[PDB]
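**Q** Residue numbers (the entry's author numbering), protein chains in the order written: chain F, 9 to 474; chain E, 9 to 474; chain B, 23 to 401, 410 to 510; chain A, 2 to 128; chain C, 256 to 510; chain S, 1 to 167.
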Amino acid sequence: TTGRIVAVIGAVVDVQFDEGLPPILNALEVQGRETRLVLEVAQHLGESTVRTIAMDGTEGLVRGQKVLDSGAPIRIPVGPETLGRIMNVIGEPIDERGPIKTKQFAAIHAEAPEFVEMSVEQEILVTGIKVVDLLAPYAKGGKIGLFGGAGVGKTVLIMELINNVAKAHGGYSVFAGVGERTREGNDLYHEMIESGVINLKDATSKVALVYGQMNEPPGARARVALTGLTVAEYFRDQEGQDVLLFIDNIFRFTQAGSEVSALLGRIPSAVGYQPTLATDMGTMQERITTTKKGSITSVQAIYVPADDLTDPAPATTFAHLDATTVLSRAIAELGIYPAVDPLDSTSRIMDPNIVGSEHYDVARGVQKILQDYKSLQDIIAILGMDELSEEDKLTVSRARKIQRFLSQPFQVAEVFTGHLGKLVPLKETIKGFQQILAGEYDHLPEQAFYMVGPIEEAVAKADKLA
Amino acid sequence: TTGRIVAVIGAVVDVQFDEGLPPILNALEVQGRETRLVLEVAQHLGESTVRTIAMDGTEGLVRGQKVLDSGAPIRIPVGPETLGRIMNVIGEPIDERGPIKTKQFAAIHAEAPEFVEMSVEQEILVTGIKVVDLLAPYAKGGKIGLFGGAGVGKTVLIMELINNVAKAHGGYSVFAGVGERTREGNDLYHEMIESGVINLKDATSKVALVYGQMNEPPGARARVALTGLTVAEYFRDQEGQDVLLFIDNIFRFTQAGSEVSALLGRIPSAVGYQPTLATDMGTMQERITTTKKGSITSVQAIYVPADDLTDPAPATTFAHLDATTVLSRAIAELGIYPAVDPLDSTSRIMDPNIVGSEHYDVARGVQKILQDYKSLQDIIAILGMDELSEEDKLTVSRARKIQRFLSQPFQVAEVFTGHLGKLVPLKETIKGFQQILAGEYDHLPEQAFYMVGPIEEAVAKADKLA
Amino acid sequence: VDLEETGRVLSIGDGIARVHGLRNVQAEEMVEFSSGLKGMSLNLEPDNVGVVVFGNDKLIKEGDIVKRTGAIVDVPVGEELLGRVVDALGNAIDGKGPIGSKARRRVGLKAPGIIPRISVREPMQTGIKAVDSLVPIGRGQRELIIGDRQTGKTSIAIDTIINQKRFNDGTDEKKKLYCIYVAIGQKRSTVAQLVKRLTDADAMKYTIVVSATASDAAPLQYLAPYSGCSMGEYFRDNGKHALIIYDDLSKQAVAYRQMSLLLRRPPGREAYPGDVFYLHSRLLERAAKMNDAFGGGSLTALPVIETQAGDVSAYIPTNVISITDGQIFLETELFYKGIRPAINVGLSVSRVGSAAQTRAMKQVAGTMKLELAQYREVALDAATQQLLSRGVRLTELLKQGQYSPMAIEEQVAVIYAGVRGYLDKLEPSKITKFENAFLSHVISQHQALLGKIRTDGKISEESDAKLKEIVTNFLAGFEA
Amino acid sequence: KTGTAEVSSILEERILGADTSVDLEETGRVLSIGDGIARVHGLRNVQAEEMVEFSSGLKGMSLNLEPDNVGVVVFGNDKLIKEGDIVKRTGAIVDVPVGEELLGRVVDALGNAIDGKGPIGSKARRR
Amino acid sequence: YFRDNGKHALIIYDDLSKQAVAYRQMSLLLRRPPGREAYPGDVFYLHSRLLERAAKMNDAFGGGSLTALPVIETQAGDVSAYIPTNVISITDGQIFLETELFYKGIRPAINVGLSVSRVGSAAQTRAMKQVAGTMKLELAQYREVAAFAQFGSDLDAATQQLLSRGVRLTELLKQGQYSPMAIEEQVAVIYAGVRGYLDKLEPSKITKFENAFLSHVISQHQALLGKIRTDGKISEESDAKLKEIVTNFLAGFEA
Amino acid sequence: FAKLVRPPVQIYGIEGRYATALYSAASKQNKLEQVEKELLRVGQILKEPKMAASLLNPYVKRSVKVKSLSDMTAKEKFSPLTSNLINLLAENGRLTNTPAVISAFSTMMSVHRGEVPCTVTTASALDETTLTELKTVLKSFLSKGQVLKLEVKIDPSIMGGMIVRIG
């Protein structure tokens, strides 16, 4: 069916197809637009006009110009031939190894699998980070959402996570660069080239890249999320896999939606949002999970707008989160890495039993200690010290170590750190802080717990000093 | 073209011109206007109907009126008789002392001096006030933002400035009593008259007065500023002169404009700030400089809106600043006439690079001392000076001497206080405080330095004291 | 008549011309009003065209003929702007007029692919000690220059540029650097002065100054960076190494915002609509360090935001932060301390900076960054007291009164002095003094070495030793 | 226009041509009434801001002279007021009784009794 | 239905917070407003009409009930927050659960100052009432010397004991992660503390005391409990036994 | 005031507020059908393209809205006391909105005393009656051949999709 460009107001393309109106979601290909200009129908506005979204450039769009309905909603190749490929949103390379060709195409908008094949429960994945594992024991196949400020070492972290994980991984991984910087993707590209687990003797690499960068119009950015989902659901369910789905950054998706909202004629909700923001969440998020058909370990970079979390967008997000990963800019500012706000980062499976409650409990003392210590901070902020109480004085110091002890330099980003970073398995962790709980160090230099992995080495770090 | 009022909804007078809609900002004169209700074209709404802004009010009017597009904007007399005369925005007396008719009339559509016309450097200017000249010596063509308390001899100070400049550069001034509180402008008149700076003996007083009171429309209050601005370009270029543009208060303008933006239904920027707030400012502001045939240095009374500065207006404003005059009610309180808030009145355009590196440095020395001295004020505050080392005590004296030395009696009010002012040529100044800095005279009495002008005169006062 | 490529202005009064006709129009066409104003046919409405007007509208009377130009907006690109102060249209508003770029380039010209690009490593310099040392970087790098009201801010750029004078005036086939100074919102005298400085620096020859003074009809100013963008990529991709100083996007954003709202298009946060993000991305993603095909290309983007109260909390800053490859916060307070340059170092950060500048420098600078860190930290014991002493020296050492940058070798040298505590054998006052003298000393004598150090890109033991020796005597007998 | 001329108090005869009614100049028809805002059809050379008189015995003021109608602030009720109502000019914008003889007089804003001291002294009225 | 059919139904609406979000959204999409906080206003009404439908009805209605436990999950304790204000004005209290405490490990994490039931006594066994009445107070007072002088450090010696008491009770009001109980049991441990047999114990071990204590009372004093359970109230039997138990058993718990 | 009249069609609001005026204004005096068949001829002598833009030119400039049918079709006797309301429409800019006034007026003007339906799996069942499903049984007396399975089809759908819908 064909449409007339009736109104172009940017990439919100108001199309009148008078050749009937195919679905809301029917994907359109523009005629006179050699460069494949996808519009997806958004509204049947009436008047055989749909509001559709170009995701793309709006060059030479004479108002009237023929637009040809693609006859389905947006469909993309999905197939193993995507891994190691940087696929854009449009199923096409940006690996630029020729087309990312697959056997099957998939319409990318889809159902959120039903509850019953969804595995109802999950198991904590280990990230190799004390701080993480201990404090927010995230789950395999869960949706872990990385709230984090702008470039706050998050990007660094995720990469490190990739580093820690993706390697080790048994299934495969997806990176969906939603509003990713072309650069970071580059960086990543090379890192991946480098890693060689984007091995190019593999278009079946250990990691598939789907990128829907910032430079794209929102519709594209909006859509890369669905696209990626569709592929991955295919690998998980279809290719059985434990997919790790790296999404950086869903916020940018969200934003892409919101961005359109206005000139979806909609009231763009609070701050401009979407009223449907939530349904938007359901509609992607509920699609990604762990079924019995595998796991999609869902790593969502979440820009926390203005690190405003109360911010409804993040406000919502937590709900969706199996693991909520809150990076503390505050901490980050202390130069600290792990920079987390772990009193904000959670795992529901952070709850005793599940994770070995000792493990947890050891944490509970800490969590407490720090928290109380946090409490003090107004008092201290003025008052400093000398009319308070001693036990607290101890905790303060201890906390101060603990604080430091969470810190761990970057293994990958020795380029960033200088340092070699570290990696800590459970025992040193559980013990580590626990040891601090035993206050075995309380005459050992406090900051020395900084930028360490194993508490042992930290102990060592105190020692060389004294 | 002729119009008829098609809608009067308030002073947005929607006039349909029944013939061509000439460009925006055409002054239309409504026929059936006993008093010049110039409508300033605001929109070409279409229909050759305009959204206009009434210059007049709305009072009892019939509609469908016959309006004659004056075919150009609002015209006002420009050239010298405006000095010692108060005109309203329409350029019509409100001196109520008959007509100004300064020979050329103008659409206040005198525009920015363009890139080629600008002095590619404007330099340092001086005011005849010591405090300024050493530390924040003006700039030819430049805008200074003025804080300080209601008639702290403020008003007077201004009058004195007007006095100094009008003379000293052969300058002349524009006073825009922007939203003048009419009674206070009456009053204002009287001081000026009184002072004789307003000469009734010459409507070629030092100052041309434009008063644009609160009782006028927002627009009227807003627009009187360009009107004046336009004038200063006359005096600048055309009279070749060194115009001062006293904007009093630009804030009251800001408000006056702001009301308009809103009220046009037009979204003004956030918090009601004009949409265009910056361009409004810009469009006005860029019309201020040393062209080549003169300089219009703007003396901007600035009421810091909400004492808030990142507050968009000031945020912008800063861009147009060079130098700031913060007058200090405290310094005034110290009796000091001048009453300046010294380190707070600025030029950040004072640079050793820009002004003499010496000039600057000396100023800087003075700044060192004073600032440090203040630090000492605190020391002295803590347990009384007694607590200091003597050199410092000396510097305290110097600082104080410098303080007294900032004090300058007022020439225009040599009569009123009986404290017969001075005017301070710069060299005497830089040297003056520097010499005090050279500390020889730190023996000498301090009220010597009190209310003097050039530093020699302080020496005179010292002996005579002694 | 043609109301199908030309239109008569249906309404204008928000200065957005609703134009009846123009129909046959494309989408994205640059139009012309009869007022010699250009417009962009922003909206193909079914009925009329919302044209964002590249001009002002007391310059227009209604029903006005808007003629298609039949062209989608392009801006000059090429190299005829290297020496020009232009308006975005590329008319040298220096008053040189058409001495502008012949080629024009669709301002639409998206960010190259990943693969097209290949990372930075390109030592990028300013001669500004702090930069080159402490936030060393490649060339492609978006890096926010941030700090308030020409608080030397603007000054910073001048020194930055100035170092490149020798380089562009050299055949630094890497540091033949096109400066694109997008001057945004900046009152004309200011620019004039500046420009004048630059004239004096006469780097203008390899330099575009995309020139937005204050005044200016915003959509143009607004367009201007994008214009600049096309051009800078023009260098980049044609191997050459470009420098864009976007100074500042703050002003664009406002202008735009102002525009947005007037376009009766939403806000959100800070009243801006979110494609102010898109703004910056679309502009800045188009900035890169290319692959080899593009002659490794670069356009290094030094966006500037001249801060307002360090409120980065501010969404638009946040935006930018995440986009940027680091930010340089300059602290007015320090400035106010006199601290020239006045940087908030803590915030001045290059996460990205690694291995894309100068290895030589790293050898002292890494260490320095660190040293300063610690030195800051103790904002007593001797250990720290040294750091403090040293530190106070070091403070001076990145201090650098406005109007001076350097080539690197010198930089490493003088820092070297401090890091061997040679400057600790001074106290802060004498440092500069030392430095000048010393500098002329090495310049003369150890020009050998300095040239050499410049050569070596990596401190050599030899250089160290010669330098050391040079220094030691130069130092020792002259503890001023 | 819209609805107020698909308003067929007007329209239902404008078809025919037929009309001839209120001056719509100096009289109006109440277009809408709700909230003491009588959008009053017509009135277009009514004094701006004129206090008018309603076909309800009330005053209103024809404040907004809009191109078709007049937004008339009703100085009172609206139940009473109904559509089509004739609003007849009074011609007059407000004047109020003035004198200097209200000294010892409590009034409604109009410059008339509410005191219940009977009526006030003001022999003058003044715009 | 259940209510009217005598059935006592319990609804936990978790949560209306989200509901509003939807409801407005829906409205907005209908262009139907975004009142305060973007929500159109009769969302209160929405719920009011909804919730009034939760009541304890008379016997003609089987006496049934629909007990409504609305839930609002707060963003940052934002309660003057429209829907929360609203809700507050319908609800007869709010049960504020307090996070700091959570981090402290105190889960349940409450702030009972910000938990209120105007209702109070209609809602409880005598058993509990007898031991609890005082307890509330004892904590209240405990809190107070943390508070008038916003220091956990003390203002009077008496209270240095009382604080101990408070502290003990603190250990007690906690609830195991993933653990409910029934009233006589609940009273069992509560009596122990209220009437104090474990300030002669360190506060952390109080809960520990319960594990044993509870498994003991369950074992033995299911008898006794049989009585308490019977009375809905602590009886002379129970009490007499209790005084003794608690002391003895406690004594056994320790020694 | 006026008096509300509506012979079937019938829109209410947005031309339908308008049509319902001349609906009581033409139906009073009962020049209604005389003005229908008027307005019908005018529906196409208007809509054309000797004019695409010379009997519906709104603007290139205003002059058209001064009068171009206050004067070009008051150049016609057609519409001779309903040509006042076209002159309103000409000034008041709604001159492109007439097709729905006349459609409202004529699907008004026939069906102006008539009834149209369309049930399930018929589609041309679209007529002008005074009684129903005695008449649409008369359409099954066109022949019951040709109907209630085509045009619009019991094939996929009514019947065919309903057994799919149970699942």
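We treat Cβ as the ideally placed atom computed from N, Cα and C, and that holds for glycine.
Chain A beta carbons: is any one of them nearer than 7 Å to that of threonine 66 of chain E?
**A** The C-beta of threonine 66 of chain E comes closer than 7 Å to at least one C-beta of chain A.
**Q** With which residues is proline 85 of chain E paired in a DSSP beta bridge?
**A** Paired residue(s): E:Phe113.
**Q** Report the partner residues of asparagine 70 of chain B according to the DSSP bridge assignment.
**A** B:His42
**Q** Alpha carbon to alpha carbon, how far is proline 68 of chain B from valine 64 of chain S? Give it in angstroms, no decimals.
**A** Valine 64 of chain S and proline 68 of chain B: Cα-Cα distance of roughly 21 Å.
**Q** When the cut-off is 7 Å and only beta carbons count, does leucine 111 of chain A lie next to chain E?
**A** When Cβ-Cβ separations below 7 Å define contact, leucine 111 of chain A makes no contact with chain E.
**Q** Against chain F, does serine 303 of chain B count as a neighbour if the rule is that its beta carbon must be under 7 Å from one of theirs?
**A** yes
**Q** Any idea what DSSP makes of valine 128 of chain E, helix, strand or coil?
**A** coil
**Q** To the nearest angstrom, how far is it from the Cα of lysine 3 of chain S to the Cα of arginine 90 of chain A?
**A** 27 Å
**Q** Among C:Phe508, C:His263, C:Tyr294, C:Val386, whose alpha-carbon lies nearest the alpha-carbon of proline 339 of chain C?
**A** C:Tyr294
**Q** Closest Cβ-Cβ distance between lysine 488 of chain B and chain E: below 7 Å?
**A** no
**Q** Considering only their Cβ atoms, is the gap separating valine 47 of chain B from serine 63 of chain B smaller than 7 Å?
**A** yes
**Q** Among E:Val251, E:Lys409, E:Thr110, E:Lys430, which residue has its Cα nearest to the Cα of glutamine 419 of chain E?
**A** The residue with the shortest Cα to Cα distance from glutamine 419 of chain E is E:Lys430.
**Q** Would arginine 244 of chain F and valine 97 of chain F be called neighbours here (beta carbons separated by less than 7 Å)?
**A** no
**Q** Suppose the cutoff is 8 Å on Cβ atoms and the five residues either side in sequence are ignored; what does the same chain contact list for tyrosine 381 of chain F look like?
**A** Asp400, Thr403, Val404, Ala407
**Q** Over what stretch of residues does the alpha helix (DSSP H) that includes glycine 250 of chain B continue unbroken?
**A** 240 to 259
**Q** Provide the residue span of the beta strand (DSSP E) that contains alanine 80 of chain E, from first to last.
**A** For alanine 80 of chain E, the enclosing beta strand (DSSP E) stretches over residues 74 to 80.
**Q** Please classify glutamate 292 of chain C: is it buried, with 16 or more other beta-carbons within 10 angstroms of its beta-carbon, or exposed?
**A** exposed
**Q** Please give the ranges of any beta strand (DSSP E) in the stretch 272 to 341 of chain F, keeping only runs that are unbroken, at least 3 residues long and fully inside the region.
**A** 302 to 311, 331 to 334
**Q** Between which two residues does the beta strand (DSSP E) harbouring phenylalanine 254 of chain F extend?
**A** 250 to 256
**Q** Out of E:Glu188, E:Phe413, E:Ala15, which one is the CA nearest neighbour of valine 218 of chain E?
**A** E:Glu188
**Q** Could you round the C-beta distance between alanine 225 of chain B and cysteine 251 of chain B to whole angstroms and report it? I think they count as a contact, below 8 Å.
**A** At roughly 20 Å, the Cβ-Cβ gap does not stay under 8 Å, so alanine 225 of chain B and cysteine 251 of chain B are not in contact.
**Q** Does DSSP classify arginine 139 of chain B as helix, strand or coil?
**A** strand
**Q** Quick one, are the C-beta atoms of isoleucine 310 of chain F and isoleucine 258 of chain F less than 7 Å apart?
**A** yes
**Q** Hey, is the stretch 14 to 31 of chain S in contact with the stretch 5 to 13 of chain A, meaning 3+ C-beta pairs nearer than 8 Å?
**A** With a cut-off of 8 Å, the stretch 5 to 13 of chain A and the stretch 14 to 31 of chain S count as touching, because enough Cβ pairs lie within range.
**Q** Taking Cβ-Cβ distances shorter than 7 Å, what residues in chain A pair up with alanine 15 of chain E?
**A** What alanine 15 of chain E touches in chain A: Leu66, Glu67, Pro68.
**Q** Under 8 Å: do the stretch 161 to 175 of chain E and the stretch 53 to 64 of chain E share three or more Cβ pairs, one atom per stretch?
**A** At 8 Å Cβ cutoff, the stretches do not touch.
**Q** Can you name the residues of chain E whose CB is closer than 9 Å to the CB of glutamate 355 of chain B?
**A** Those do not exist, as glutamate 355 of chain B stays about 13 Å from chain E at its closest Cβ, beyond 9 Å.
**Q** Anyone know if the C-beta pair for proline 31 of chain E and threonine 299 of chain E falls short of 7 Å?
**A** The answer is no: Cβ separation not under 7 Å.
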